[PDB]
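Asker: The following block contains the structure, expressed as structure tokens.
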Amino acid sequence: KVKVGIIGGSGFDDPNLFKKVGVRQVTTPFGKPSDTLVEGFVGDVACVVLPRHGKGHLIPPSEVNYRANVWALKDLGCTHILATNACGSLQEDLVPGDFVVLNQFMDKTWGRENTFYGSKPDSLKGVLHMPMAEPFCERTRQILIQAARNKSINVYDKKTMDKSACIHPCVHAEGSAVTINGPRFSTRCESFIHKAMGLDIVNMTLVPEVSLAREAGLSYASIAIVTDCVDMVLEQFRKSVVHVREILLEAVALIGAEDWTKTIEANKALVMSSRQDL
Amino acid sequence: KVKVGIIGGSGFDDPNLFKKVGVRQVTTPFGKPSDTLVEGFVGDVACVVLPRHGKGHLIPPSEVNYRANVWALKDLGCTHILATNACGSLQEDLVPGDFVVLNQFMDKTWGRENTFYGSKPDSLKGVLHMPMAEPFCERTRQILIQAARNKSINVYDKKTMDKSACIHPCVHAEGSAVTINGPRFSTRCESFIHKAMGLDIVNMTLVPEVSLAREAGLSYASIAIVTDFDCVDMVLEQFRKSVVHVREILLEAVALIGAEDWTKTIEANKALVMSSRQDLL
Amino acid sequence: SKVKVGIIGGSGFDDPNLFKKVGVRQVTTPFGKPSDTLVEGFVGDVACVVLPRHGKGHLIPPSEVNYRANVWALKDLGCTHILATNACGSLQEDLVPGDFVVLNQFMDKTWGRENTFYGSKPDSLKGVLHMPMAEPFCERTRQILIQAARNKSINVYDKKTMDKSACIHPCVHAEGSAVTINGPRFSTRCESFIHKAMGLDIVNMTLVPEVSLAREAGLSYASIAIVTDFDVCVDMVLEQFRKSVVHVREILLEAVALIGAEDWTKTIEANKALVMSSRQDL
């Protein structure tokens, strides 16, 4: 059966997504997760919620233990991870209040543990070279988008629809993120360069979360929240969180409604075939 | 009220900017600075000098303790930091002997401690996400430029001047730097890519120094010396002359800083830090 | 030994056996242990030393390879040259799986690796070294690799001097640029498109800081890249890569002989001098 883990970013430091059966603390071979995990159900589907930055948002993007977080979710029996990521827009059609179901990224992070495998004592034995050309689980991506349609939230698909048919607030059916290391925001120079490369949004937390999920044999999809006076932004972002929560809840249900036997098996075999030491 | 900190790069390993009234060997929560700090006065203005690489230039750019350097200056009561930086050019209008008052950068460093805040045992508690769109203190930049004018040095501003106004040597009124980690220089491939991105100069020491200064609530401006990394004797003499010019600019700049009131700007700097504390918001 | 050729074997060369072993050296360096034991012997009359970058069982990922120990160990055994192999993915349509590239440029996207012998840390040599890297390889040694290809009847394609219709596969490209990513994951499509738009020819994980450290050590370094396919298709690619390994072996052995056939006194002196002149602490 499926079990859906949820990694909550900003706006989700302490989310009340459902009636919790209980709070759980776990450990992993790679250290402690960001915080304790909230266990519960969405209908008949098991769900686990984990705040990326910890309840008090005391852990910056570069110091988040992504391995521990993803591995904890794996060990709890999760088959899927849905993640939220607060982001800044680099393109005119992506405005604050919009969401993006990412399908691509460019990595500018460093100093973070980005693989479970290696030759150091603090890692699993072996050399894993994972294909990442299309880094997300496509079935899971499409579920997030269908969830938005189901909650009457506008979906904008730039290859199917013309620019004039972009109606805000909307979920962009695709998009690419540049993930910077942080914690500082980009300079104007950097943003112009990132925009020139054709990137859609900038964030700090997508990588290596997405990579580690694939290493763990888990189906992963990310929904980014465009947030780009402070009180107004908070109100807009608060409004966005309501809709993101709606999307996440519907998506968990949608995942539970389908059979994932072949896809899961494919996830696991992809890990096996990427082992270069074997 | 104000106190001007100066971080000396190459050519300033043993600054000697003024008669040292006192020296301070400090220890910060983030380690020891590059060397002892030298205190004194330029006119009536309090000033503190620190060689970024240490007296013997034994410390490479990636191993400089920028946090300790910036914090030590902060702890001494500095309100401003002026920094010098030796660089190579990526564009034809910038030639050896020129200077650049930077207003932008693109960061390609790594493995340096670039923030005071975080969840590590030695971090200040909290998460700080500073805006860096215009990463320098604009008032302090304009002071460097005006200081150059005051010392009869050509100032070139491509935004408002024809290219015929670019008379060498000149201080370029704006410019973007790529900061590479070092210690090696770039390949031709890398240089071509940086040039294509529209970057003006390349250096190894600007980041995270500029970032950490802003986290500290300090006003920071950088003056880059364009030199040649490709006859050695003529280049060295040229760089020697450049060092003299920068010394003059720095001295005039300290004087110009102390002549203005910085109450509002200092308050705004401190506020920006507090407003960027995500753990608090 | 006036000249002695160090060889760093990458994927396909975990357990190389390029010549009869004469001496198996278990060495330590100031920067730690090399990826494996070093195997000394001869190719004809030329002294030669071979070392597997990833160790025998290929257990060491690109980002965890001790490039300093590997280069320094070879320097310590008296090597004057380093020839290195590396597997890579193609970013351009003219470079197909089965081709080889004698690289002349790179763009570095590695991090977290020790990339210099010098510093202020106790784990480094005293001093600050700022090496020029505009053309990061030993040009003479590059031309040896290419001439070696010719001597073994392998197609050589030079884009600068030859027409595009003369690009006959499989072939050795006489020049090329690599982006070196940190790994261990391969690139996203987004990253590959960006790298291609920058004009880069191939992507690898092992070139940097190996090339940089070899120059720091005053050694003549040249690299030959094996273009493979990272996208039963697997059975076919494996077969192609096996043939690539065989041909690169022939190139390396012929290159060693070619190096042994010339004087290197001036070039070696220049390598040593470039190190000394790059000391910013003097």
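Labeling convention for the structure tokens: chains A, B, ... as they appear, residues from 1 per chain, ligands from 1 in order of appearance.
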Using only C-alpha atoms, determine which residues of chain A fall within 8 Å of chain B; present them as number ranges by chain.
Answerer: A: 56-60, 63, 110-111, 182-190, 193
Asker: Looking only at the backbone, which of the residues in range 40-148 of chain A does DSSP tag as strand (DSSP E), as a PDB file with N, CA and C atoms, in the first residue's frame?
Answerer:
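Printed below is selection_15.pdb as written:
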ATOM      1  N   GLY A  40      -0.605  10.580  10.795  1.00  0.00           N
ATOM      2  CA  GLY A  40      -2.052  10.571  10.700  1.00  0.00           C
ATOM      3  C   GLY A  40      -2.587   9.947   9.429  1.00  0.00           C
ATOM      4  N   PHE A  41      -3.818  10.311   9.091  1.00  0.00           N
ATOM      5  CA  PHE A  41      -4.494   9.764   7.925  1.00  0.00           C
ATOM      6  C   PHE A  41      -5.241  10.840   7.151  1.00  0.00           C
ATOM      7  N   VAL A  42      -5.246  10.696   5.833  1.00  0.00           N
ATOM      8  CA  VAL A  42      -6.147  11.448   4.976  1.00  0.00           C
ATOM      9  C   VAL A  42      -7.077  10.408   4.379  1.00  0.00           C
ATOM     10  N   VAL A  45      -5.693   6.800   3.711  1.00  0.00           N
ATOM     11  CA  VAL A  45      -4.288   6.872   3.310  1.00  0.00           C
ATOM     12  C   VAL A  45      -3.397   7.390   4.435  1.00  0.00           C
ATOM     13  N   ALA A  46      -2.413   6.582   4.821  1.00  0.00           N
ATOM     14  CA  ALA A  46      -1.438   6.976   5.837  1.00  0.00           C
ATOM     15  C   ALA A  46      -0.601   8.160   5.363  1.00  0.00           C
ATOM     16  N   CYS A  47      -0.391   9.120   6.255  1.00  0.00           N
ATOM     17  CA  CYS A  47       0.324  10.339   5.909  1.00  0.00           C
ATOM     18  C   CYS A  47       1.249  10.743   7.050  1.00  0.00           C
ATOM     19  N   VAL A  48       2.422  11.272   6.709  1.00  0.00           N
ATOM     20  CA  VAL A  48       3.389  11.721   7.708  1.00  0.00           C
ATOM     21  C   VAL A  48       3.910  13.106   7.360  1.00  0.00           C
ATOM     22  N   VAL A  49       3.835  14.031   8.311  1.00  0.00           N
ATOM     23  CA  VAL A  49       4.243  15.409   8.054  1.00  0.00           C
ATOM     24  C   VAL A  49       5.517  15.777   8.805  1.00  0.00           C
ATOM     25  N   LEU A  50       6.462  16.371   8.087  1.00  0.00           N
ATOM     26  CA  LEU A  50       7.756  16.747   8.647  1.00  0.00           C
ATOM     27  C   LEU A  50       8.133  18.171   8.237  1.00  0.00           C
ATOM     28  N   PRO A  51       8.227  19.086   9.215  1.00  0.00           N
ATOM     29  CA  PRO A  51       8.646  20.461   8.916  1.00  0.00           C
ATOM     30  C   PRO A  51      10.139  20.539   8.597  1.00  0.00           C
ATOM     31  N   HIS A  80       5.860   7.779  -1.110  1.00  0.00           N
ATOM     32  CA  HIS A  80       5.826   9.058  -1.807  1.00  0.00           C
ATOM     33  C   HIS A  80       6.240  10.187  -0.877  1.00  0.00           C
ATOM     34  N   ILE A  81       6.867  11.212  -1.438  1.00  0.00           N
ATOM     35  CA  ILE A  81       7.081  12.461  -0.719  1.00  0.00           C
ATOM     36  C   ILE A  81       6.530  13.632  -1.532  1.00  0.00           C
ATOM     37  N   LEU A  82       5.673  14.434  -0.903  1.00  0.00           N
ATOM     38  CA  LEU A  82       5.248  15.711  -1.469  1.00  0.00           C
ATOM     39  C   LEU A  82       5.916  16.819  -0.671  1.00  0.00           C
ATOM     40  N   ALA A  83       6.542  17.761  -1.367  1.00  0.00           N
ATOM     41  CA  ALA A  83       7.277  18.836  -0.710  1.00  0.00           C
ATOM     42  C   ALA A  83       6.797  20.222  -1.138  1.00  0.00           C
ATOM     43  N   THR A  84       6.857  21.174  -0.217  1.00  0.00           N
ATOM     44  CA  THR A  84       6.574  22.558  -0.543  1.00  0.00           C
ATOM     45  C   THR A  84       7.883  23.331  -0.491  1.00  0.00           C
ATOM     46  N   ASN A  85       7.990  24.361  -1.322  1.00  0.00           N
ATOM     47  CA  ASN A  85       9.191  25.186  -1.370  1.00  0.00           C
ATOM     48  C   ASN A  85       8.801  26.635  -1.648  1.00  0.00           C
ATOM     49  N   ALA A  86       9.166  27.547  -0.754  1.00  0.00           N
ATOM     50  CA  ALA A  86       8.931  28.967  -1.006  1.00  0.00           C
ATOM     51  C   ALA A  86       9.971  29.456  -2.004  1.00  0.00           C
ATOM     52  N   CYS A  87       9.553  30.276  -2.961  1.00  0.00           N
ATOM     53  CA  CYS A  87      10.455  30.670  -4.035  1.00  0.00           C
ATOM     54  C   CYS A  87      10.235  32.099  -4.522  1.00  0.00           C
ATOM     55  N   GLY A  88      11.231  32.622  -5.230  1.00  0.00           N
ATOM     56  CA  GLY A  88      11.116  33.899  -5.906  1.00  0.00           C
ATOM     57  C   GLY A  88      11.031  33.679  -7.402  1.00  0.00           C
ATOM     58  N   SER A  89      10.245  34.508  -8.078  1.00  0.00           N
ATOM     59  CA  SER A  89      10.061  34.373  -9.516  1.00  0.00           C
ATOM     60  C   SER A  89      11.143  35.101 -10.300  1.00  0.00           C
ATOM     61  N   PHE A  99       1.581  28.985  -7.936  1.00  0.00           N
ATOM     62  CA  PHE A  99       2.320  27.790  -7.556  1.00  0.00           C
ATOM     63  C   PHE A  99       2.962  27.200  -8.805  1.00  0.00           C
ATOM     64  N   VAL A 100       4.024  26.424  -8.610  1.00  0.00           N
ATOM     65  CA  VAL A 100       4.710  25.771  -9.720  1.00  0.00           C
ATOM     66  C   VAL A 100       4.956  24.298  -9.393  1.00  0.00           C
ATOM     67  N   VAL A 101       4.430  23.404 -10.218  1.00  0.00           N
ATOM     68  CA  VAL A 101       4.791  22.000 -10.092  1.00  0.00           C
ATOM     69  C   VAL A 101       6.058  21.794 -10.919  1.00  0.00           C
ATOM     70  N   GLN A 104      12.024  20.567 -13.476  1.00  0.00           N
ATOM     71  CA  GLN A 104      13.465  20.708 -13.731  1.00  0.00           C
ATOM     72  C   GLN A 104      14.156  21.586 -12.692  1.00  0.00           C
ATOM     73  N   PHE A 105      15.474  21.462 -12.597  1.00  0.00           N
ATOM     74  CA  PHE A 105      16.249  22.366 -11.755  1.00  0.00           C
ATOM     75  C   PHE A 105      17.693  22.561 -12.203  1.00  0.00           C
ATOM     76  N   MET A 106      18.322  23.605 -11.674  1.00  0.00           N
ATOM     77  CA  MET A 106      19.760  23.774 -11.797  1.00  0.00           C
ATOM     78  C   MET A 106      20.330  23.964 -10.405  1.00  0.00           C
ATOM     79  N   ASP A 107      21.397  23.234 -10.107  1.00  0.00           N
ATOM     80  CA  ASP A 107      21.905  23.136  -8.746  1.00  0.00           C
ATOM     81  C   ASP A 107      23.062  24.097  -8.508  1.00  0.00           C
ATOM     82  N   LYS A 108      22.899  25.007  -7.554  1.00  0.00           N
ATOM     83  CA  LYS A 108      23.995  25.883  -7.154  1.00  0.00           C
ATOM     84  C   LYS A 108      24.275  25.763  -5.659  1.00  0.00           C
ATOM     85  N   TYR A 117      25.212   7.372  -0.303  1.00  0.00           N
ATOM     86  CA  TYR A 117      26.277   6.395  -0.533  1.00  0.00           C
ATOM     87  C   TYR A 117      27.668   7.018  -0.609  1.00  0.00           C
ATOM     88  N   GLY A 118      28.688   6.220  -0.308  1.00  0.00           N
ATOM     89  CA  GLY A 118      30.060   6.692  -0.381  1.00  0.00           C
ATOM     90  C   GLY A 118      31.056   5.763   0.284  1.00  0.00           C
ATOM     91  N   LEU A 124      26.395   4.850   3.422  1.00  0.00           N
ATOM     92  CA  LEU A 124      26.216   3.472   2.982  1.00  0.00           C
ATOM     93  C   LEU A 124      27.293   3.102   1.967  1.00  0.00           C
ATOM     94  N   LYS A 125      27.777   1.866   2.042  1.00  0.00           N
ATOM     95  CA  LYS A 125      28.847   1.397   1.167  1.00  0.00           C
ATOM     96  C   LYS A 125      28.396   1.285  -0.286  1.00  0.00           C
TER      97      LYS A 125
END
Asker: Which polymer residues have any atom within 10 Å of an atom of residue 192 in chain C, counting only C-alpha atoms, with same-chain residues fewer than 2 positions away left out, as a list in words?
Answerer: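 Non-adjacent residues within range: residues 106 and 133 of chain A; 89, 90, 91, 179, 186, 187, 188, 189, 190, 194, 195, 196, 197, 198, 200, 202 and 203 of chain C.
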Asker: Report as CSV: every residue of chain A with an atom at most 12 Å from chain C, its closest pair of atoms, and their distance in Å to one decimal, counting only C-alpha atoms, with rows sorted by chain and ascending residue number.
Answerer:
residue,atom,partner,partner_atom,distance
A:102,CA,C:190,CA,11.6
A:103,CA,C:190,CA,9.4
A:104,CA,C:190,CA,6.0
A:105,CA,C:190,CA,6.0
A:106,CA,C:191,CA,5.4
A:107,CA,C:191,CA,7.8
A:108,CA,C:109,CA,9.0
A:109,CA,C:111,CA,9.4
A:110,CA,C:111,CA,6.6
A:111,CA,C:112,CA,6.5
A:112,CA,C:112,CA,9.4
A:113,CA,C:112,CA,10.5
A:114,CA,C:184,CA,8.4
A:115,CA,C:184,CA,7.3
A:116,CA,C:184,CA,10.3
A:117,CA,C:61,CA,8.7
A:118,CA,C:61,CA,6.3
A:119,CA,C:60,CA,5.6
A:120,CA,C:64,CA,8.2
A:123,CA,C:61,CA,11.8
A:124,CA,C:59,CA,10.9
A:125,CA,C:59,CA,7.7
A:126,CA,C:59,CA,5.7
A:127,CA,C:61,CA,5.7
A:128,CA,C:184,CA,6.6
A:129,CA,C:185,CA,5.0
A:130,CA,C:185,CA,4.9
A:131,CA,C:186,CA,5.4
A:132,CA,C:188,CA,5.0
A:133,CA,C:188,CA,3.9
A:134,CA,C:188,CA,6.2
A:135,CA,C:188,CA,6.6
A:136,CA,C:188,CA,10.1
A:175,CA,C:190,CA,10.1
A:176,CA,C:190,CA,7.5
A:177,CA,C:190,CA,9.3
A:178,CA,C:190,CA,9.7
A:179,CA,C:191,CA,11.7
A:193,CA,C:194,CA,11.5
A:194,CA,C:194,CA,10.4
A:195,CA,C:194,CA,11.9
A:196,CA,C:194,CA,10.2
A:197,CA,C:194,CA,6.6
A:198,CA,C:194,CA,8.7
A:199,CA,C:190,CA,8.6
A:200,CA,C:190,CA,11.2
A:207,CA,C:185,CA,11.6
A:208,CA,C:185,CA,10.2
A:210,CA,C:185,CA,11.3
A:211,CA,C:185,CA,7.8
A:212,CA,C:185,CA,9.9
A:214,CA,C:185,CA,10.4
A:215,CA,C:185,CA,9.5
A:271,CA,C:185,CA,11.5
A:273,CA,C:234,CA,10.0
A:274,CA,C:185,CA,9.6
A:275,CA,C:59,CA,10.1
A:276,CA,C:58,CA,7.3
A:277,CA,C:58,CA,5.3
A:278,CA,C:57,CA,8.4
Asker: Using DSSP on the backbone, list every residue of range 49-210 of chain C that comes out as helix (DSSP H, G or I), and give them as a PyMOL selection string.
Answerer: chain C and resi 62-64+67-76+139-151+164-166+189-197+210
Asker: Quick one: write out the picked residues with C-alpha atoms as a compact mmCIF listing (two decimals), in the first residue's frame?
Answerer:
# COMPACT_ATOMS: atom_id res chain seq x y z
CA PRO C 62 34.52 11.16 -7.66
CA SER C 63 33.96 13.67 -4.86
CA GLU C 64 35.76 11.48 -2.32
CA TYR C 67 43.39 13.82 -5.74
CA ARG C 68 46.17 15.38 -3.66
CA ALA C 69 47.47 12.05 -2.39
CA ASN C 70 47.23 10.54 -5.87
CA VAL C 71 49.14 13.32 -7.64
CA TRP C 72 51.65 13.74 -4.82
CA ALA C 73 52.32 10.00 -4.59
CA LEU C 74 53.14 9.95 -8.30
CA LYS C 75 55.37 13.00 -7.86
CA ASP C 76 57.11 11.22 -4.97
CA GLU C 139 50.40 21.17 -24.65
CA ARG C 140 53.35 18.94 -25.58
CA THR C 141 51.75 16.04 -23.75
CA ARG C 142 48.38 16.73 -25.39
CA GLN C 143 50.03 16.50 -28.82
CA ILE C 144 51.68 13.24 -27.76
CA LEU C 145 48.28 11.69 -26.98
CA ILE C 146 46.95 12.78 -30.37
CA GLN C 147 50.02 11.56 -32.26
CA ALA C 148 49.65 8.32 -30.28
CA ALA C 149 46.11 7.97 -31.61
CA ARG C 150 47.40 8.46 -35.17
CA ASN C 151 50.13 5.84 -34.68
CA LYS C 164 32.75 18.63 -40.41
CA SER C 165 32.23 15.85 -42.98
CA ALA C 166 35.67 14.54 -41.98
CA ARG C 189 18.12 18.15 -18.61
CA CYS C 190 18.03 21.80 -17.49
CA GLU C 191 21.68 21.68 -16.40
CA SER C 192 22.79 19.95 -19.62
CA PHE C 193 21.06 22.56 -21.79
CA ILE C 194 22.77 25.34 -19.85
CA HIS C 195 26.17 23.63 -20.11
CA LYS C 196 25.69 23.10 -23.85
CA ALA C 197 24.63 26.73 -24.33
CA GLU C 210 43.41 16.49 -10.69
Asker: Please identify every residue of chain C that has at least one atom no more than 7 Å from any atom of chain B, counting only C-alpha atoms, and report them as a PyMOL selection string.
Answerer: chain C and resi 105-107+111-112+119-120+127-136+198+281
Asker: CA of residue 273 in chain B and CA of residue 180 in chain B are how many Å apart?
Answerer: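 According to the coordinates, CA of residue 273 in chain B and CA of residue 180 in chain B are separated by 26.3 Å.
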Asker: Can you tell me which residues surround range 25-38 of chain A at a distance of at most 8 Å, considering only C-alpha atoms, apart from same-chain residues fewer than 3 positions away, and format the answer as a list in words?
Answerer: residues 20, 21, 22, 48, 49, 50, 51, 52, 53, 54, 55, 59, 64, 65, 66, 67, 68, 69, 71, 72, 122 and 123 of chain A
Asker: Can you pull out the residues contacting range 98-101 of chain B? Cut-off 7 Å, using only C-alpha atoms, and skip same-chain residues under 6 positions away; I want them as a ChimeraX atom specification.
Answerer: /B:141,168-175,222-226
Asker: Dump N, CA, C and O atoms for the selected residues as a compact mmCIF listing (two decimals), in the first residue's frame?
Answerer:
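Final output, again_14.txt:
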# COMPACT_ATOMS: atom_id res chain seq x y z
N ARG B 141 29.53 53.93 -1.27
CA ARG B 141 30.08 53.82 -2.62
C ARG B 141 30.33 55.21 -3.19
O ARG B 141 31.40 55.48 -3.74
N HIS B 168 42.45 56.54 -18.96
CA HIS B 168 43.20 55.73 -18.02
C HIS B 168 44.37 56.50 -17.40
O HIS B 168 45.03 57.29 -18.08
N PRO B 169 44.62 56.27 -16.10
CA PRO B 169 43.83 55.37 -15.26
C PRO B 169 42.61 56.07 -14.68
O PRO B 169 42.65 57.27 -14.40
N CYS B 170 41.52 55.32 -14.50
CA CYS B 170 40.29 55.89 -13.97
C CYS B 170 39.59 54.96 -13.01
O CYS B 170 39.74 53.74 -13.09
N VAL B 171 38.82 55.55 -12.10
CA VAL B 171 37.91 54.79 -11.26
C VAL B 171 36.60 54.60 -12.00
O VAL B 171 35.92 55.57 -12.34
N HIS B 172 36.25 53.34 -12.28
CA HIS B 172 34.97 53.03 -12.88
C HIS B 172 33.87 53.13 -11.83
O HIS B 172 33.91 52.46 -10.79
N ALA B 173 32.88 53.98 -12.09
CA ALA B 173 31.87 54.33 -11.09
C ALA B 173 30.93 53.17 -10.74
O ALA B 173 30.21 53.23 -9.75
N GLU B 174 30.92 52.13 -11.57
CA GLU B 174 30.19 50.92 -11.25
C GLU B 174 30.90 49.71 -11.86
O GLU B 174 31.84 49.86 -12.64
N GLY B 175 30.46 48.51 -11.48
CA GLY B 175 31.08 47.30 -11.97
C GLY B 175 30.65 46.04 -11.24
O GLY B 175 30.35 46.05 -10.04
N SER B 222 33.52 48.50 -1.54
CA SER B 222 34.75 47.88 -2.00
C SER B 222 35.39 48.64 -3.15
O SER B 222 34.71 49.04 -4.10
N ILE B 223 36.69 48.83 -3.07
CA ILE B 223 37.43 49.41 -4.18
C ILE B 223 38.42 48.40 -4.75
O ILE B 223 39.34 47.93 -4.07
N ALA B 224 38.20 48.04 -6.01
CA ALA B 224 39.02 47.03 -6.66
C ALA B 224 40.17 47.67 -7.43
O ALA B 224 39.99 48.68 -8.10
N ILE B 225 41.36 47.08 -7.31
CA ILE B 225 42.50 47.49 -8.11
C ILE B 225 42.66 46.55 -9.30
O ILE B 225 42.88 45.35 -9.13
N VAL B 226 42.54 47.08 -10.51
CA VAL B 226 42.75 46.26 -11.69
C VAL B 226 44.24 46.10 -11.93
O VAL B 226 44.98 47.08 -12.09
Asker: For the atom pair CA of residue 95 in chain A and CA of residue 246 in chain A, what is the interatomic distance in Å to one decimal place?
Answerer: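 Separating CA of residue 95 in chain A from CA of residue 246 in chain A is a distance of 19.7 Å.
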Asker: Please, what distance in Å, to one decimal, runs between CA of residue 244 in chain C and CA of residue 52 in chain C?
Answerer: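 Distance reported for this atom pair: 17.0 Å.
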Asker: Quick one: of C:167, C:222, C:232, C:213, who's nearest to residue 84 in chain C, counting only C-alpha atoms?
Answerer: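 Nearest candidate to residue 84 in chain C out of C:167, C:222, C:232, C:213: C:222.
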